[PDB]
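Residue indices begin at 1 and follow the sequence shown. Indexing begins at 1, ligand by ligand and atom by atom, following the structure's order.
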Amino acid sequence: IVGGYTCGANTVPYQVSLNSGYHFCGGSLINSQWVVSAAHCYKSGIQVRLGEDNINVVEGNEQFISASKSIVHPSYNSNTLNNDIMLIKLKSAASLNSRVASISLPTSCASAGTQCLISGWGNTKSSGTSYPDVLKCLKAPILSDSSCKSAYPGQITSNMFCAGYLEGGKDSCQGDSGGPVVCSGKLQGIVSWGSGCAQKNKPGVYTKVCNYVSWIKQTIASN
Ligand SMILES: COc1ccc2[nH]cc(CCN)c2c1
Ligand SMILES: [Ca+2]
């Protein structure tokens with residue numbers, strides 16, 4: 001996250017870190033046994049880390065649970081990033097409490113202008129690299145479809161939205177991939193892609209979760 005603030009330990013209780021020997025992507029806990037992330041995060045041998053703040057120090061509220069199955073969306077296109085969503089099933093159910101909690105799926109899509117919270121352990125610099133060990137947060141609005149398409153001609157599908165600031169300076173960045181965009185207490189987005197981070201006229205692009213609720217619910221019910 002570039003231009004954000006330190007969230008505070010366990011203030012984003014649905015945020016997860018995906019770990020394959022190191023943090024490599026975020027995700028969101030949507031019930032006691034399932035995590036949603038980006039399809040571009042896919043790999044084998046994922047351990048899901050819940051209740052994290054400092055990802056390099058055991059602070060006492062963590063739960064570490066191996067993934068038993070990953071399901072990339074059937075229409076994910078790695079070249080265009082269309083349908084950039086994946087589900088991960090945990091080998092055992094997480095113990096839910098005030099610091100580890102699921103986030104609700106949306107019943108409707110959020111409109112442009114809605115303020116959302118984006119969070120992650122990604123790079124905090126737009127040039128150069130500095131990775132934080134504690135979770136960073138950013139409040140940002142959903143941008144209109146027309147501004148999003150004007151910023152990324154030819155590249156925005158109906159399964160994507162832009163959020164952030166056309167002036168630059170505040171954005172998600174490398175290592176935030178797969179993490180949550182939460183608006184009005186519902187998961188509306190997944191950190192997906194962008195052109196660099198925090199550049200003028202290049203806001204972050206997010207998977208539009210409301211288009212996937214039926215797929216998520218049917219997949220969870222059968223797996
Ligand atoms: C350094 O630029 C990158 C590189 C990879 C990335 N993945 C996801 C994002 C979010 C950008 N809003 C991103 C940014
Ligand atoms: Ca920790």
Side-chain angles (χ1 to χ4, degrees), residues 1-4 6-13 15-19 21-28 37-43 47-65 76 78-82 84-86 94 99-100 116-143 147-148 151-152 155-156 160-181 188-208:
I1 302 286
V2 180
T6 297
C7 305
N10 309 115
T11 60
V12 188
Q15 172 83 50
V16 311
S17 167
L18 301 187
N19 185 288
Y22 47 88
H23 169 83
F24 73 90
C25 270
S28 299
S37 187
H40 80 262
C41 289
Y42 167 75
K43 65 166 74 174
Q47 187 186 60
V48 176
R49 298 191 158 205
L50 312 174
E52 286 282 18
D53 189 45
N54 191 319
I55 53 172
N56 275 324
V57 178
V58 176
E59 299 179 289
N61 295 295
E62 296 95 344
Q63 299 176 45
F64 298 163
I65 307 174
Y76 171 57
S78 58
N79 291 324
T80 63
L81 300 180
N82 196 30
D84 189 13
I85 186 170
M86 171 181 70
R99 308 188 171 192
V100 175
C116 307
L117 181 69
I118 308 173
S119 46
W121 289 275
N123 190 3
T124 61
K125 312 304 272 298
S126 54
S127 274
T129 51
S130 176
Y131 286 82
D133 293 343
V134 300
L135 183 69
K136 298 282 110 58
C137 275
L138 175 63
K139 294 181 180 189
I142 298 179
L143 302 173
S147 306
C148 192
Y152 293 105
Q155 308 161 61
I156 305 300
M160 301 173 185
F161 67 89
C162 288
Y165 300 89
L166 293 181
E167 326 83 83
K170 303 192 196 72
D171 202 355
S172 58
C173 202
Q174 201 264 8
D176 293 319
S177 279
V181 180
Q188 295 281 359
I190 299 166
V191 180
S192 182
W193 63 276
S195 185
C197 310
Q199 301 299 123
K200 184 172 153 57
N201 290 322
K202 296 289 170 171
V205 186
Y206 298 91
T207 305
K208 196 174 175 173

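- At least one side-chain heavy atom of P203 sits under 4.5 Å from a side-chain heavy atom of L166.
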### Task
Any chance you could lay out the side chain to side chain donor-acceptor pair (under 3.5 Å) test for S119 and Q15, step after step, and finish with the verdict?
CA-CA 8 Å; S119 46; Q15 172 83 50; 2.7 Å; yes

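- Taking a cut-off of under 4.0 Å to the non-hydrogen atoms of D171, the atoms of ligand 1 that pass are 12 (N).
- For atom 7 (N) of ligand 1, the nearest non-hydrogen atom of the protein is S177 OG, 3.3 Å.
- Using a 4.5 Å cut-off on side-chain heavy atoms (C-beta onward), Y165 and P141 make contact.
- At least one heavy atom of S192 sits less than 4.0 Å from an atom of ligand 1.
- Looking only at heavy atoms of the protein, atom 6 (C) of ligand 1 is closest to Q174 CA, 4.3 Å.
- Metal site remark for the Ca ion (ligand 2): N56 contributes no N, O or S atom at a distance under 3.0 Å.
- At a heavy-atom cutoff of 4.0 Å, ligand 1 is contacted by both the backbone and the side chain of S172.
- Here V57 reaches the Ca ion (ligand 2): one of its N/O/S atoms is less than 3.0 Å from the metal.
- Atoms OH and NE2, from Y131 and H23 in turn, are 9.0 Å apart once rounded to the nearest 0.5 Å.
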### Query
When you look at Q155 and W193, which way does the side chain to side chain contact (heavy atoms under 4.5 Å, CB included) test go after all the steps?
CA-CA 11 Å; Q155 308 161 61; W193 63 276; 3.7 Å; yes

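- Contact check for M86 versus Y76: no side-chain heavy atoms found under the 4.5 Å cut-off.
- The distance from the CG atom of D84 to the OH atom of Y42 is 14.5 Å, given to the nearest 0.5 Å.
- Checked against the Ca ion (ligand 2), the N, O or S atom of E62 at the shortest distance is OE2.
- Counting the atoms of ligand 1 from 1 in the order shown, those under 4.0 Å from a heavy atom of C197 are 1 (C), 2 (O), 3 (C), 14 (C).
- Near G196, with a cut-off below 4.0 Å to any heavy atom, the atoms of ligand 1 are 2 (O), 11 (C), 14 (C).
- Other residues, nucleotides and ligands place more than 12 heavy atoms under 6.0 Å from the NZ atom of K43.
- Take the N/O/S atoms of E52: the one nearest the Ca ion (ligand 2) is OE1.
- Listed by atom number, the atoms of ligand 1 under 4.0 Å from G204 heavy atoms are 12 (N).
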